[PDB]
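What follows is one structure encoded as structure tokens, with my remarks underneath.
What follows draws every value from the coordinates through simple rules; no lab data is involved. With ideal geometry, Cβ positions are generated from the backbone for all residues, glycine too; neighbour counts draw on all protein chains shown.
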Amino acid sequence: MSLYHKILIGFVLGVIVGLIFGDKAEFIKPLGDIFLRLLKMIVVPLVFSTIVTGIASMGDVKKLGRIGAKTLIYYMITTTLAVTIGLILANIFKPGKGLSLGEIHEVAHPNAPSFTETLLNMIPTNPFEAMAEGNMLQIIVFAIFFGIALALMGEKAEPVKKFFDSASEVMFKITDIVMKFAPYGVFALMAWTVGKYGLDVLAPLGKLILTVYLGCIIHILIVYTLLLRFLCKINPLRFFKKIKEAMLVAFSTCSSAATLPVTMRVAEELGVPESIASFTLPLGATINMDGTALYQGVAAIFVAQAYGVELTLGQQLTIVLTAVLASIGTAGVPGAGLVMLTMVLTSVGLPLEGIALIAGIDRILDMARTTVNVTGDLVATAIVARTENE
Ligand SMILES: N[C@@H](CC(=O)O)C(=O)O
């Protein structure tokens, strides 16, 4: 009767229904879309309110600096490690061998924005413009500025501080209201996915699917589990038990941004103080996408093998860096990781025709990479809290 089991029951029964009815399972697809829309509804107001309240409640900008620096460095390190693992596993298994489809028809798309332009785009020219377009990074930057101001403004900031502190709680309550619909939404999503993706579609790229899932599992049990058990002295089996809801929601939804409310809600029961969680989770939700980096590395290697091109060491490292940047730039919307794969492939010069190969089964890989992305945020929160005085 506990909410998590209800979500689990919905998940399992949706899988069963999709297996039974197959293609016909799309009929129930709209029900899942309602759940996704409801989850998306909460993100932006929740993100802004939580960031502002967390920074304001901390009341120490100097403390904020340490947390931000450590979180950013950890995100970068985990992302590079994830892409490295992806490359290693892709080389070991060679998913793209025994396959060659389509010509190298035409040159790829040039003129992607430079590194400098993306950094300049993180500051909004109009905060309401950022809010309206749902640009997460701009909203987060403005919220950080607002929180610092409130933390330093002092007595005169009490009205704004209290208003946003209450607004964050209101958004959490709204999230709790939505979760009553979570099991049915997950059921519908699983039914749709399983029914749509029949055995025939997966078998041609079964080795690619296995490589991606194995990479995600290896990341979870080697990077996160170690950083919990060896460094933070946290029993990983209890950690994942407490996190389970967020992992399952991310797996079913394939949307880190839409999963953020569940992640934030779960983080409060994790034990980390709310001040660090509020700042870190929104940032990692769009900056920390280690699962995306691993998936992008694996897909790039698969595409390279699909057309006989074997990369030199320099090319593989360029994949490391470009995949890190792409994961940084990827948004938390399903299918985003595949779209950004153009930025990675173009760097090495691999044909973009390979994307057509992945575009079919993409959702099955999106599930795993989104699960890893969501888990990474909570693991980072726990580690940062442990590094400070938890
Ligand atoms: N769907 C993933 C992004 C990706 O496609 O890699 C997410 O929202 O976290």
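Please check: in the Gaussian network model of the chain (C-alpha springs, under 10 Å), which one of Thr193, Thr292, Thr50 has the largest mean-square fluctuation.
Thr193
When only alpha-carbon atoms are used, what values of Rg and Dmax, in angstrom, describe region 236-352?
Gyration radius and largest Cα-Cα distance of region 236-352: 16.7, 51 Å.
Please state the shape class of region 139-184: rounded when a/c is under 1.5, otherwise prolate if a/b exceeds b/c and oblate if not, all from the C-alpha gyration tensor.
It comes out oblate by the Cα gyration axes.
In whole Hz, with x marking every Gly and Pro, tabulate ³J(HN,Hα) for region 372-388 from phi via Karplus 6.51 cos²θ - 1.76 cosθ + 1.60, θ = phi - 60°.
Each residue of region 372-388 in turn: 5, 4, 5, 4, x, 4, 5, 4, 4, 4, 4, 5, 5, 4, 4, 4, 6 Hz.
Of the candidates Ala300, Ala143, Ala69, which one comes out as most mobile in a Gaussian network treatment of the chain with C-alpha springs shorter than 10 Å?
Top of the fluctuation ranking is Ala69.
Kindly provide the helix-only [θ] at 222 nm of the chain, computed as the sum of -39,500 (n - 2.57) over DSSP H runs of four or more divided by all residues, to the nearest 500 deg cm²/dmol?
Estimated from H runs of four or more residues: -25000 deg cm²/dmol.
Label region 334-384 by shape, choosing from rounded, prolate and oblate, from the square roots a ≥ b ≥ c of the eigenvalues of the Cα gyration tensor; if a/c is under 1.5 it is rounded, and otherwise prolate applies when a/b is larger than b/c, oblate when it is not.
Note, shape of region 334-384 comes out oblate.
How big is region 23-128 on each of its three principal axes, counting only the C-alpha atoms and giving the largest first in Å?
The Cα atoms of region 23-128 stretch 59, 40, 31 Å along the principal axes, largest first.
Percent of alpha carbon pairs in the chain separated by more than 29 Å?
Distances greater than 29 Å cover 44 percent of the Cα pairs.
What size of dipole, in debye to the nearest 20, comes out for region 242-390 about its Cα centre when the only charges are +1 on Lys and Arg C-beta atoms and -1 on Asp and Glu C-beta atoms?
Taking the Cα centre of region 242-390 as origin, the dipole is about 140 debye.
Mind ordering 341-352, 100-111, 310-321 by average Cβ neighbours within 10 Å, highest first?
In descending order of packing, they fall as 341-352, 310-321, 100-111.
With unit charges on the beta carbon (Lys/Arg positive, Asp/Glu negative), name the residue among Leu228, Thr286, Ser252 whose Cα is farthest towards the positive pole of the charge dipole of region 227-307.
Of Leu228, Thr286, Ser252, it is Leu228.
Most mobile of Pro204, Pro334, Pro95 per a Gaussian network model of the chain (Cα springs, under 10 Å)?
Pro204
Among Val201, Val374, which comes first, then next, by fewest other beta-carbon atoms within 10 Å?
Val201, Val374
Taking the Cα centre of the chain as origin, work out the dipole magnitude from +1 charges on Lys and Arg Cβ and -1 charges on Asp and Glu Cβ, in debye rounded to 20.
1000
In the structure displayed, which of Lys6/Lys29; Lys94/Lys233; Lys70/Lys207 lie more than 29 Å apart, Cα to Cα?
Going by Cα-Cα distance, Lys94/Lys233; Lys70/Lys207 fall outside the 29 Å limit.
Which of the residue pairs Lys156/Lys242; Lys62/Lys161; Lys62/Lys242; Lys196/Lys244 have a Cα-Cα distance greater than 28 Å in the structure shown?
Cα-Cα > 28 Å for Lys156/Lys242; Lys62/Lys242; rest within.
So who's got an amide H within less than 5 Å of the one on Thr330, skipping anything under 5 residues away but keeping other chains? H placed 1.01 Å off N, in plane.
none
Which shape class applies to region 285-328: rounded if a/c is under 1.5, otherwise prolate when a/b exceeds b/c and oblate if not, where a ≥ b ≥ c are the square roots of the Cα gyration tensor eigenvalues?
Oblate is the answer for region 285-328, as a/c is 1.5 or above yet b/c matches or exceeds a/b.
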